[PDB]
Colleague: 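Got a structure for you, questions after.
Protein chains get the first letters and strands the later ones, always in sequence-line order, with residue 1 at the start of each. The basis for the numbers below is simple: all heavy atoms, side chains too, and nothing from hydrogens, waters or symmetry mates.
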Number of protein chains: 2
Amino acid sequence: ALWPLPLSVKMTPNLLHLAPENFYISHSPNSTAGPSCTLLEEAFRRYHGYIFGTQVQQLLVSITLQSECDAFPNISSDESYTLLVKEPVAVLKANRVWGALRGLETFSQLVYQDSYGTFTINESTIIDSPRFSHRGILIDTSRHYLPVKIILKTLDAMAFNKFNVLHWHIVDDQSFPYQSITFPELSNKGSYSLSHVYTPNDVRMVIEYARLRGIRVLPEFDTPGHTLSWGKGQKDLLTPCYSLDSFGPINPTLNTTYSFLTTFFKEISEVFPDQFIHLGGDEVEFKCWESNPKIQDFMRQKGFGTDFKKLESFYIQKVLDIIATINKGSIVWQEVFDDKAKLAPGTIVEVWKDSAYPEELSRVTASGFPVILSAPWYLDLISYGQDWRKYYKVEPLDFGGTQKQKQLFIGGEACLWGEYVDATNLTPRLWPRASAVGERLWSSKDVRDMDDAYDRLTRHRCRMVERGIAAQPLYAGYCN
Amino acid sequence: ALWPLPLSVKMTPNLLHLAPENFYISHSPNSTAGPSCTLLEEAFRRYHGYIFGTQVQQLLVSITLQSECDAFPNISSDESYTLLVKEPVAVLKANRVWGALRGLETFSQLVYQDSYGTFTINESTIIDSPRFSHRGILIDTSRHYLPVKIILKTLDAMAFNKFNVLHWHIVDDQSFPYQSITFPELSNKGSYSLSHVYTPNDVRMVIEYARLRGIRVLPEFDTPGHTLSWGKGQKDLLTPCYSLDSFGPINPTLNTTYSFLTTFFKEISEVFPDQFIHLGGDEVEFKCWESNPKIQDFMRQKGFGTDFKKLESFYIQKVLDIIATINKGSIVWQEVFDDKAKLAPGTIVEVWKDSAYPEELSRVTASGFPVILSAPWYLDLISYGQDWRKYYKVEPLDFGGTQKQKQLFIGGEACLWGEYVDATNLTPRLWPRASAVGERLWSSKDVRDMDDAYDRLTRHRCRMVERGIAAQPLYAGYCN
Ligand SMILES: *[C@@H]1O[C@H](CO)[C@@H](O[C@@H]2O[C@H](CO)[C@@H](O)[C@H](O)[C@H]2NC(C)=O)[C@H](O)[C@H]1NC(C)=O
Ligand SMILES: *[C@@H]1O[C@H](CO)[C@@H](O[C@@H]2O[C@H](CO)[C@@H](O)[C@H](O)[C@H]2NC(C)=O)[C@H](O)[C@H]1NC(C)=O
Ligand SMILES: CC(=O)N[C@H]1NC[C@H](CO)[C@H](O)[C@@H]1O
Ligand SMILES: CC(=O)N[C@H]1NC[C@H](CO)[C@H](O)[C@@H]1O
């Protein structure tokens, strides 16, 4: 009942037992980590609880290289491990802490209770490492505020599924819950209410809780579109519309805009330790810019004519430069690439439009840019039946291109946009549909047997329910 | 913020206040009901909690006719009431207890807290009665078992929405959780497990909890198809298949079948006090009957040829006769009608197939039968976005027919089939999508303004959340 299915699993028929109050998870004497390693100590304790809730007496955890116990994970973090289940001492070996975390999850999925309640595990050898290094979940806390507790629950479910990136789409048009220290008015005026806000301490808590599970927190502060809430607190930032709505995208002709964004993103570079910041750039509406006389004047001032993609490009290039100056990397939705913005090498492009996405993947990678796929995994787009199968059947590298282009494909994300999602329905909608994407992103390309996937996923889903994650059914049946 | 919108609402600008520990709901001196009326006493207490959780000091409740306080509701129950909100004593007047229950819900929807927390209500006069008398929710406890507590929660949400029928699709192919007293093996062998069973006391609890809210419990024991679980405990009931699956529909050639069904339905007539029993009759598969030599012999014995609709008709007519003999009424899915079964006058037909349903409604009613519509309200068939609007826009009487035929349309049901639904996701999936159907079935035909519906429904949904029903969002926003 392994999910995702490990790269290599070899088992024997020899059954071994475990005794809950005489089973300890501890550091191997040769490990680079010890009791000082909070991340491993906390993992040992919570996995002991998950496991239980001829005798294998102990699980020894050996970290081989500098452990990275006090660091934040990044795109290059080594999540490989091996697990040797035998008596009297099983061994989990990993280059780094990140792999040991993954291996503790796998170990917990191997232990089961027989018909008489006896805790049991098969002698086995597992070798495992992920197919892709970027394995994300997008949550949207603007369309609806999500209490910190459900973000923490989502992070727990992510760990059970070996997801390693929380793409936090923190702000958008409808609300601005991010409490900024340098700009207090953004949240004071842009939040749904003063109790629908993420304080600096809420953000640190999420980041740290994520870190303890090997999960990166990727912040998205989408501009120049998707910024209506920003205008409440930052005066003169948005373009006033002459006519359809009242305010449009951020005004890219003003120096106060770039001055504001410089101070703002500098704060973000300090709050969020991840190497990458997602700058957004999706669905920018030009009508408001088109209808504005001052923008029209700016357009002719540098020969952009009536091509507002050049103005969007001009804007996004200035933001990308601000990010590079503060030594962070940038991620961008595909529109930025499609509208001909000049992107510096290393800029990641997230391909989200479902129309000819394989052809988009070829173009991005042929231009030399790293790419992330979310297009066929828009989990907010619900439908009747077993749609997990359609997410599962995606083979992300089925696009035209050389091996060099295929090496630029670094992973993907399951996206849960928030228009129709809040605390009442997030979890059942997310899980186990996102588990399908999790396996496609972790396991080998040839892991695609549908019957076996259904068998393992129904049990994995029951395991999620047992651990307090209200994952919905795949089909008729029951748990226990 | 009324939902469903009452027939007639007239308000003044005069605001009146309420004091939580000096506001009592009590029986008017002329009422036919008093302290002995458990149904009203319990309603007074729970509505006091819902309300609070120049002064109107008291809400007097006057029942005009024999109250029916100790009875079960039926299709003809009078749910009309008037509500006069004034100082110092507001008055709720109703012919029967059923209307007072509806009026207590409406009264609770009129009370609100101003910006300073002051409990407030407008002086007003409401006259109200339902457009249709059958307003149902179908739950499916076979595809997944539902704990009694979530059935009780569903009944609470039903009351908030003025639904009055719980269509309990209790058994089906996948499991038989109904614990039968006369046939203990049905559940012992057919349930998912022994802890996934509705005991006689569970069933009484549901029925009584429903009664206290003016809700009828309509049991469905679907035959001859949808009976795989029945065969585990009742040997020789199902037809053995020669070849696609193992067992097919109930065997209608054996006297042991009708003997079993006679004893079985007699027990059902005693357990479920509602006048109607839903006999099902949907999706009967003939291949198994076609492949069976003994059935083939029976087919030629009375000249049915190769027309298995005649065998289905023969079977269903014998069951309908068993129900009539025990003095209950029958409800049947449309297939029974479409396949030319001879139905006695009074048999209700439930139109569920989405293909040309208006033409089905004309045929059924032209044949003189009462009809219930569920076709466009299959809430298990989820999709992206505001699908509440499509359920809301249905005008059920838009079919061809005379006024006599239109008087045979007695109501409808929102159906939540269970293939993909259990305790983890039932409530958010059900509510507030079912609220759309609730208004269409309660309120006037001309109540269709979409903007006003969205305004009242987002607030009604927030009210459901406040009362512990985890109803999902309609769109971006927040509650409180
Ligand atoms: C883990 O160990 C068990 C017990 O040996 C394996 O189970 C059985 O396999 C044997 C022979 O392969 C059969 O004779 C038994 O009927 C199986 N079950 C029982 C009750 O012992 C199981 O296959 C092992 N897991 C794997 C995948 O290697
Ligand atoms: C219930 O009473 C209130 C208070 O009188 C009504 O509210 C206002 O309507 C008056 C005139 O119609 C306006 O001057 C106010 O601006 C409104 N609000 C406030 C703050 O008083 C309300 O309309 C009444 N409800 C209905 C539908 O009759
Ligand atoms: C990058 C992106 O996806 N932008 C938007 N596109 C549609 C989504 C709903 O499916 C959300 O509205 C989201 O904000
Ligand atoms: C009357 C009826 O609806 N029969 C079936 N039809 C399809 C449903 C799923 O949408 C359920 O399987 C249900 O049992």
Colleague: Would you call the rings of B:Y192 and B:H196 parallel, tilted or perpendicular, where under 30° means parallel and over 60° means perpendicular?
Modeller: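 The arrangement is perpendicular - the two ring planes meet at more than 60°.
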Colleague: Please determine if B:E419 and B:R143 form a salt bridge, counting it only when a charged side-chain N lies under 4.0 Å from a carboxylate O.
Modeller: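 The answer is yes: the pair qualifies as a salt bridge.
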Colleague: Less than 4.0 angstrom from a charged side-chain N to a carboxylate O is my criterion; do A:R467 and A:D156 meet it?
Modeller: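 No, A:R467 and A:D156 are not salt-bridged.
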Colleague: Does A:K162 come within less than 4.0 Å of A:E439, counting only side-chain N to carboxylate O?
Modeller: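 So A:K162 does not pair with A:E439 through a salt bridge.
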Colleague: So which of A:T424, A:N425, A:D422 actually passes side chain to side chain donor-acceptor pair (under 3.5 Å) with B:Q472?
Modeller: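 The single option meeting the side chain to side chain donor-acceptor pair (under 3.5 Å) with B:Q472 is A:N425.
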Colleague: Looking at side-chain heavy atoms only, is the closest gap between A:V111 and A:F119 below 4.5 Å?
Modeller: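 Of all side-chain heavy-atom pairs linking A:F119 with A:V111, at least one is under 4.5 Å.
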Colleague: Working to the nearest 0.5 Å, report the span between CG of A:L15 and CD1 of A:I121.
Modeller: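 If I round to the nearest 0.5 Å, the distance is 10.0 Å.
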Colleague: After noting the C-alpha distance and the side-chain angles of A:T120 and A:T118, does the key distance pass the side-chain hydrogen bond (donor to acceptor under 3.5 Å, both in side chains) rule?
Modeller: CA-CA 6 Å; A:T120 310; A:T118 316; 5.5 Å; no
Colleague: Donor-acceptor pair, A:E87 side chain versus A:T54 backbone, under 3.5 Å?
Modeller: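 Side chain of A:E87 to backbone of A:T54: a pair is present.
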Colleague: Is any side-chain heavy atom of A:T125 closer than 4.5 Å to a side-chain heavy atom of A:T82?
Modeller: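 No; the side chains remain at least 4.5 Å from each other.
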Colleague: In terms of side-chain heavy atoms, does A:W352 have a donor or acceptor partner in A:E360 at a distance below 3.5 Å?
Modeller: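 No, because no side-chain N or O of A:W352 sits under 3.5 Å from a partner of the opposite role on A:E360.
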Colleague: Looking only at the side chains, is there a donor atom on one of A:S28 and A:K93 sitting less than 3.5 Å from an acceptor on the other?
Modeller: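 Per modelled atom types, A:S28 and A:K93 side chains form no pair under 3.5 Å.
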Colleague: Parallel, tilted or perpendicular: which describes the rings of A:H27 and A:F44, with under 30° parallel and over 60° perpendicular?
Modeller: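 It falls in the tilted class, 30° to 60°.
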Colleague: Using a 4.5 Å cut-off on heavy atoms from C-beta on, say whether the side chain of A:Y475 contacts that of A:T458.
Modeller: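 A side-chain contact is absent here, since even the closest heavy-atom pair is not under 4.5 Å.
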Colleague: When you measure from the side chain of A:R463 to the backbone N and O of A:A1, does any donor-acceptor pair fall under 3.5 Å?
Modeller: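 Confirmed, A:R463 side chain pairs with A:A1 backbone.
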Colleague: Does the side chain of A:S435 come within less than 4.5 Å of A:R461's, by heavy atoms?
Modeller: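 Of all side-chain heavy-atom pairs linking A:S435 with A:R461, none is under 4.5 Å.
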Colleague: Strictly by modelled atom types, are A:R213 and A:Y209 linked by a side-chain donor-acceptor pair under 3.5 Å?
Modeller: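 Note: A:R213 and A:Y209 side chains meet the donor-acceptor criterion.
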Colleague: Find out whether A:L152 and A:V206 are in side-chain contact, i.e. whether some heavy atom of one side chain is under 4.5 Å from a heavy atom of the other.
Modeller: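 The answer is yes; the side chains approach within 4.5 Å.
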Colleague: Donor-acceptor check, side chain of A:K406 to backbone of A:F399, threshold 3.5 angstrom: yes or no?
Modeller: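 Side chain of A:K406 to backbone of A:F399: a pair is present.
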Colleague: Apply side chain to side chain contact (heavy atoms under 4.5 Å, CB included) to A:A341 and list each qualifying residue two or more places apart in sequence or on a separate chain.
Modeller: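 A:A341 satisfies side chain to side chain contact (heavy atoms under 4.5 Å, CB included) with A:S313, A:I316, A:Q317, A:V336, A:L343 only.
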Colleague: Looking at A:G281, is its backbone amide N or carbonyl O close enough to the side chain of A:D222 to form a donor-acceptor pair, meaning the two atoms are under 3.5 Å apart?
Modeller: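 It does hold such a pair.
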Colleague: Do A:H278 and A:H169 come within less than 4.5 Å of each other through their side chains, counting heavy atoms only?
Modeller: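 No, their side chains stay 4.5 Å or more apart.
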Colleague: Is the backbone of A:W3 close enough, under 3.5 Å, to the side chain of A:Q109 for a donor and an acceptor to pair up by distance?
Modeller: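 Present.
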Colleague: So A:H48 and A:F23, would you call those rings parallel, tilted or perpendicular, with 30° and 60° as cut-offs?
Modeller: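 Ring orientation of A:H48 relative to A:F23: tilted.
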Colleague: When you measure from the side chain of A:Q334 to the backbone N and O of A:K353, does any donor-acceptor pair fall under 3.5 Å?
Modeller: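 Yes; judged by distance alone, with no hydrogens or angles, the pair exists.
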Colleague: Starting from the C-alpha separation in whole Å, work towards a yes-or-no answer on salt bridge (charged side-chain N to carboxylate O under 4.0 Å, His left out) for A:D455 and A:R459.
Modeller: CA-CA 7 Å; A:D455 292 333; A:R459 294 150 81 205; over 6 Å; no
Colleague: Mind checking whether A:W333 and A:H167 have parallel, tilted or perpendicular rings, split at 30° and 60°?
Modeller: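 A:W333 and A:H167: parallel rings.
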Colleague: Regarding A:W98 and A:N164, is there a side-chain donor-to-acceptor distance under 3.5 Å anywhere?
Modeller: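 No donor-acceptor contact under 3.5 Å links the two side chains.
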Colleague: Do the non-hydrogen side-chain atoms of A:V371 and A:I410 ever get within less than 4.5 Å of each other?
Modeller: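 No, every pair of side-chain atoms sits at 4.5 Å or beyond.
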Colleague: Between CG of A:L104 and CD1 of A:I25, what distance do you get to the nearest 0.5 Å?
Modeller: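 Interatomic distance, A:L104 CG to A:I25 CD1, rounded to 0.5 Å: 5.5 Å.
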Colleague: If I take atom CG from residue A:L430 and atom CD1 from residue A:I139, how far apart are they, to the nearest 0.5 angstrom?
Modeller: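 Here the rounded value is 9.5 Å.
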Colleague: Answer yes if the side chains of A:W388 and A:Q386 hold a donor-acceptor pair under 3.5 Å, and no otherwise.
Modeller: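 Side chains of A:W388 and A:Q386: pair found under 3.5 Å.
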Colleague: So, is the end of the A:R440 side chain (NZ or CZ) under 6.0 Å from the ring centre of A:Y392 and within 45° of the ring's axis?
Modeller: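 Because its charged atom sits under 6.0 Å from the ring centre and within 45° of the axis, A:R440 does stack over A:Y392.
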Colleague: Identify whether the distance between the nearest side-chain nitrogen and carboxylate oxygen of A:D387 and A:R433 falls below 4.0 Å.
Modeller: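 Salt bridge between A:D387 and A:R433, a charged N being under 4.0 Å from a carboxylate O: yes.
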Colleague: For the pair A:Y178 and A:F221, name the ring-plane relationship: parallel under 30°, tilted 30 to 60°, perpendicular over 60°.
Modeller: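 It falls in the perpendicular class, over 60°.
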Colleague: When you look at B:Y145 and A:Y478, which way does the ring pair (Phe, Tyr, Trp, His ring centres under 6.0 Å) test go after all the steps?
Modeller: CA-CA 8 Å; B:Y145 178 80; A:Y478 72 110; over 10 Å; no
Colleague: Could you give me the CA-CA distance, side-chain angles and deciding distance for A:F409 and A:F132, then say whether ring pair (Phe, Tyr, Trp, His ring centres under 6.0 Å) is met?
Modeller: CA-CA 8 Å; A:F409 190 102; A:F132 300 109; 5.2 Å; yes
